[PDB]
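# Give me a model of this one.
(3 chains)
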Amino acid sequence: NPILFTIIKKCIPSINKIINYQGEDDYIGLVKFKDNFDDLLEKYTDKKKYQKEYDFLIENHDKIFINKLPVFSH
Amino acid sequence: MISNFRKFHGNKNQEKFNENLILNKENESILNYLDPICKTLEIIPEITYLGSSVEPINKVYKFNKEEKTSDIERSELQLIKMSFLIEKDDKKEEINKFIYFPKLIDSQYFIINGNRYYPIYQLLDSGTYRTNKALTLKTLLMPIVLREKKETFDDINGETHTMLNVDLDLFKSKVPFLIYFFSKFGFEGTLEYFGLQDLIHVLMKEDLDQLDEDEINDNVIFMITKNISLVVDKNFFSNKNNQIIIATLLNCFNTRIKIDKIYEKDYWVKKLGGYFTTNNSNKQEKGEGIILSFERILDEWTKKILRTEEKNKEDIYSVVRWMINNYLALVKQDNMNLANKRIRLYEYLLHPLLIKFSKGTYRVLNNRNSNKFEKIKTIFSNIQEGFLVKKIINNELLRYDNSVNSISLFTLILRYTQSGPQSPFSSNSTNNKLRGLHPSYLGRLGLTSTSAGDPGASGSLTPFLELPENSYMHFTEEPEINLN
Amino acid sequence: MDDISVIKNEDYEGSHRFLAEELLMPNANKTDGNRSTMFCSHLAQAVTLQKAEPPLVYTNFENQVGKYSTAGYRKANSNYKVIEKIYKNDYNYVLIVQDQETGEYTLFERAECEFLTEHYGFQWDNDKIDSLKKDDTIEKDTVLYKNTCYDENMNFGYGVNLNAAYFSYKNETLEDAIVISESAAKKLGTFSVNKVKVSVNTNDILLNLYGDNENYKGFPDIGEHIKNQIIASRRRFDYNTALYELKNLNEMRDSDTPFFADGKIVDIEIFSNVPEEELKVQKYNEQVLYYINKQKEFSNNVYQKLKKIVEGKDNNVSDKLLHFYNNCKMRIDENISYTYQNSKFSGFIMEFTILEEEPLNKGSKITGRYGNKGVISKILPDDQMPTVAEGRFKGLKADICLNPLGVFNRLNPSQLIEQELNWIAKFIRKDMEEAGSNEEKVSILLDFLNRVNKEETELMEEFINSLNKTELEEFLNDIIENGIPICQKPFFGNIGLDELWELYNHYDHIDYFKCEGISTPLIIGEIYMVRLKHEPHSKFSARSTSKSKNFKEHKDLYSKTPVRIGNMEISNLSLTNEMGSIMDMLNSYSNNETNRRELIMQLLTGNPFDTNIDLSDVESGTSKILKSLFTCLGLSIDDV
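Numbers count the residues shown, from 1 in each chain, chains lettered A, B, ... in the order given. Please find the structure below.
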């Protein structure tokens, strides 16, 4: 989700590395990240700093993944 | 011949291994740990947990014309059923959830994804574990933590005393312990629960003025407000833990109060809510919700594990009372004494289900006010069939059979590890003391059995170790400090 | 905690409850904690021995360790009756049995080897289960198959007893080094079992390494050993349509992928995703077809035999039987697409199970129960080892010789006590053999044991009086020739300085052995010895210019992992003060491709016995890429 990328980035620092293919799960891939997102989110969290962000991600599980991209009027 | 004599001597040894310890893996039941994890869901009014049963997968394969994919690597698995009943005004539906869980083979190991994995016991602290400025009791959901601070306090005479104030570190806030009690019991009710009603009294300023001066020097008195005064008995004052209680009360009372507001429970509910929320008008709702969560803190499993008189384990309030009354003693307890520790095996195997369930509870309760039935169905639906198996393997709680030998009694069967998913033991923490030996280890743990790579992390259990029955795999029936 | 006053010896007296792994170590009170922890590590590192023996000096808990370590033996858990026996291979088979109480139908599996991990495994004594035939009852506690560790009466042994002498053998026994007799090394033998997967896709074919022109066999058969350490080699083809490469069967090339192991293959499991008719046309698949057919024949055979039991309404089947039946049924069933690593694969995947008798070789590490370590420096003929002469014990040869220097420094005195006890026991045995009736023999035996262990003496008196005269004579002969059991409990019941002193004073005839060519008299006594997992093969690396993981996947004979040169190494080399030669070695061996090519070419084109290499001065490829990219960056080096 484009709007939530920064929120995901703070929780999961390896998001930039993981999506591309070149930690233990470094550079796994986007589809692999999508399947294992729950494992990765729990793996990469700050107990005090990013607890609020983690709760928001729990609230919006359905909106994390985007299948349709809007295009505004010409 | 010689072989017959050797067998004869072996049978006549008179020193015999504890078969129940060696075979405890078989005699441990998943349901005992599964039931509380499922009952954590019961916080939702619609969801009521009916039961759980572990059943063998018993399906005969039948030829399918359609394409079928079978993996070369094989896993021997069993099915666990969790049955719940959703009853609400909307409808009434029964949800039965099926989860794959590894099955024991040959009484001590698992076979998953074509590999031989052995479960090993974990060494953990039983409860009331000491921490810097804090005493903590571990619970399934939110650990109950008592945090301490040192503050100055002034007597009616002008005498200055330094005292310790204990605040519950809960729900992401440090809230004085007594107001939690006031919110449910009431001020007089809280004093009655602690039994301090007669010893400690609250009087008005004029009552203080008319009161005998000699009693004032005999019994310490503190100035809550210009119009409100608190008098404490001297013998009560002598005990430092009682001083902890009194200091918490002094922190509870700000000067801008009236005697009528002290005797009103809703004032304390409002203060409890006020700690958590910035808005001052919703204080009551937040406070009552906090009381409910406080009651949710204690679970049946922690009550069963806890080793104190049942009167102290009845509810969260009893546990907090027991901890505060014995705070000084409990902080001074040895971390490594095996009396204060236990070994667990199946608990961490079922623990990930608690995380999944808790995510579901947060989703239904907090995400939206939309129709609950589909959402609570999603909680069970969101969990995949192999969630437990995949988490057990990928999180590497389990151990591969790297054995080069048929000798398994100490290498795998009776092996314990302090290191774990939730481990007090860490390399960065420099737990050099934890790596060492303690006199309690004799007769229970192996003094010389450890790995050079990570000394003290893993060891071998004694073949003759007797874990007391009815103590839930605790080395001792009672903790280190008698408290009687 | 700081306080040790809580520990009181009277509380733990007579009990070995505080001991764990050290229950297998005699005289553990006399051994240091460091040596004990090393022993605990060694027991897990110990490898199975074909000719394992119960220790001569024993702690009496060994059998219990064998009992509760279930990986080594299979015990029936109920009374059973053999319904039928089905064969997949000569070595591998299944036995279907019925519970005599429940009526449940279960199965027992027989195979030659047990695979643990990597190369580690052990062979099975399958005598009892092989004896069982249809309509034969299996009693409740019968042991169907056992490991080499367990004996006829299920006594447990993790090592062999070897005659040892502390002797300085031509400085070969330097530090922790050992010289062994060839016969003795024959006793310390291990198994190695490997499961190797060769994957052949549609375009891959297997070369006729094991077959002639008339009969195409590309890999070994179930009863045939591997030759030249090559199981099979696969050649990948761009298009398999032509089939013009039929003439290429015998030859091999570098491109071909070779799979390496040595031993007798004992089981083949083939997972095929290709239709049978497509496979049948090509002759090069012929061998594979046979085993494929065999697998199907096995699977179908179980399906027909058990279909009534499994698919009948009663369904009194164990979960193991149900899953075995379902897997075989899946195999015979069509539209079974096999997936490996969650992906459908072309062609077929073959797993070979290979069992090899691995003997003791130089560099192997052997130890005793007291934390000492030893490396086999030399294996020598029995005649070359110290042999005592001109005595009642004349011609006795020492199986192993251990370093005498520094023995007390190790802080593990107990090995010496084991040696002394078995040496004094030799004299007791010769005394029994030399003269007397059976009664005299038992009297000498009981007196010696009374000197060593009273409990053993009492129990031996009971056991002996129980025996019949023929049985008593047989037992006495066993003691005379094979050895005498001596019990040295870990903490309570072992002998000490005073007890050995009394033993030596009473037995005045017992004195050091005078060996053939040795001025110093020597003591030769049996010590229990164990074989450790370490062998040099684990860390061997050798590389020649053209991790890859091929070695782990069995595609390379040995690791070719390069050695790393760092600043420390460069400084130690710079001690020579000839930096140019160091840079030349670095460029020729690694950094510079042109110089590396020159070195290889000159080595193969120059004189074999005179090698002088001239290397061109050129910028390395990394340097060229660096200059190109930096110029695009807008910065250029000025040779600062």
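# Show the contacting residues for whichever residue of the stretch 351-500 of chain C sits closest to chain A.
The nearest approach of the stretch 351-500 of chain C to chain A comes at residue C:351, 27.5 Å away (Cβ to the nearest Cβ). Heads up, the C-betas are built off the backbone N, CA and C, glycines and all. Going by Cβ atoms under 8 Å, 6 or more residues apart in numbering or on different chains, residue C:351 touches C:195, C:196, C:197, C:267, C:268, C:269, C:270.
# Check whether the residue most central in space within chain B sits in a helix, strand or coil.
Per Cα atoms, centre = their mean, the C-alpha nearest to the average position across chain B is that of residue B:139, at 2.2 Å. Put simply, residue B:139 is coil when judged by DSSP: H, G, I helix; E, B strand; the rest coil.
# Just confirm it contacts residue B:296, I think it does.
No - taking Cβ atoms under 8 Å as the definition, residue B:139 is not a contact partner of residue B:296, at 9.3 Å.
# hang on, residue C:525 in a helix?
No - assessed with three-state DSSP, residue C:525 is strand; it does not lie in a helix.
# how near is it to chain B?
The gap separating residue C:525 from chain B is 18 Å, by Cβ to the nearest Cβ, to the nearest Å.
# and what of residue C:635?
Counting by Cβ to the nearest Cβ, the gap from residue C:635 to chain B is 41 Å.
# how many neighbours does that residue have?
By other Cβ atoms under 10 Å in any protein chain shown, 9 other residues sit near residue C:635.
# Residue B:154 too?
12.
# Across the sheet, point out what pairs with it.
residue B:160 (DSSP bridges).
# pretty sure it is touching residue B:223, no?
Yes - contact criterion Cβ under 8 Å: residue B:154 and residue B:223 qualify, at 7.2 Å.
# Of all the residues in chain A, which one is nearest chain B?
In chain A, the residue found nearest to chain B is residue A:59; the distance is 4.8 Å by Cβ to the nearest Cβ.
# show me what contacts that residue?
Neighbouring residues of residue A:59 by Cβ under 8 Å, 6+ apart: B:362, B:363, B:366, B:367.
# Next: residue C:352.
C:194, C:195, C:196, C:198, C:219, C:231, C:261, C:265, C:267, C:268.
# Return the distance of the helix or strand hosting residue C:457 from the chain's centre.
In the assignment (DSSP states H and E), residue C:457 maps to helix C:454-466. Relative to the chain's own centre, helix C:454-466 is displaced by 37 Å; criterion: Cα atoms, centre = their mean, to the nearest Å.
# For it, name the packing helices and strands.
helix B:2-11, helix C:438-452, strand C:486-487 (3 or more Cβ pairs under 8 Å, 6 or more residues apart in numbering or on different chains; DSSP states H and E).
# angle of the first one against helix C:454-466?
The reference is to helix B:2-11. Per axes from the mean of the first three to the mean of the last three Cα atoms, to 10 degrees, the angle that helix B:2-11 makes with helix C:454-466 is 130 degrees.
# which other residues reach helix B:2-11?
Residues contacting helix B:2-11 (Cβ under 8 Å, 6+ apart): C:54, C:58, C:60, C:62-64, C:151-155, C:456, C:459-460, C:463, C:475, C:478-479, C:482-483, C:485, C:487.
# In helices only, show me the residues you listed.
Judged by DSSP state H, helices contain the following of the contacts of helix B:2-11: C:62, C:63, C:64, C:456, C:459, C:460, C:463, C:475, C:478, C:479.
# residues in contact with residue C:336?
Counting by Cβ under 8 Å, 6+ apart, residue C:336 touches B:68, B:70, C:330.
# contacting residues around the last one?
Spelled out, that is residue C:330. Residue C:330 touches B:61, B:68, B:70, C:336, counting by Cβ under 8 Å, 6+ apart.
# re earlier: derive a ChimeraX selection command for the buried subset of the contacts of residue A:59.
One line in ChimeraX is enough to select the buried members of the contacts of residue A:59, burial here meaning 16 or more other Cβ atoms under 10 Å in any protein chain shown:
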select /B:363
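# Not including adjacent chain positions, what is the nearest residue to residue C:66?
Spatial nearest neighbour of residue C:66, excluding adjacent residues (Cβ to Cβ, 6 or more residues apart in numbering or on different chains): residue C:156 at 2.7 Å.
# tally of neighbours for the one you found?
Residue C:156 has 27 nearby residues by other Cβ under 10 Å.
# ok, now how distant is it from residue B:414?
Per Cβ to Cβ, to the nearest Å, residue C:156 is found 16 Å from residue B:414.
# Who are the contact partners of the nearest residue to residue B:454 once chain neighbours are set aside?
Once flanking residues are discounted, residue B:454 sits nearest to residue B:419: 7.2 Å by Cβ to Cβ, 6+ apart. By Cβ under 8 Å, 6+ apart, residue B:419 lies in contact with B:425, B:454, B:457, B:458.
# hang on, the earlier thing: need the buried ones from the contacts of residue C:330 selected in ChimeraX.
Buried subset of the contacts of residue C:330, written as a ChimeraX selection, criterion 16+ other Cβ under 10 Å:
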select /B:61,70 /C:336
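# Of the contacts of residue C:330, which is the nearest to residue A:46?
Nearest to residue A:46, judged by Cβ to Cβ, of the contacts of residue C:330 is residue B:70 at 42.6 Å.
# List the beta-bridge partners for that closest one.
Under the criterion used (DSSP bridges), residue B:70 bridges to residue C:338.
# I'd assumed residue C:339 was in contact with it.
Yes - if you go by Cβ under 8 Å, residue B:70 and residue C:339 touch, sitting 7.0 Å apart.
# that's a strand at residue A:25, yeah?
No - read with three-state DSSP, residue A:25 is coil and lies in no strand.
# Is it in contact with residue A:41, as I believe?
No - with contacts counted by Cβ under 8 Å, residue A:25 stays clear of residue A:41, the gap being 12.0 Å.
# Name the residues of chain A found near chain B, please.
Within chain A, the residues that sit near chain B (Cβ under 8 Å from any Cβ of the partner chain) are A:39, A:42, A:51, A:55, A:58, A:59, A:60, A:61.
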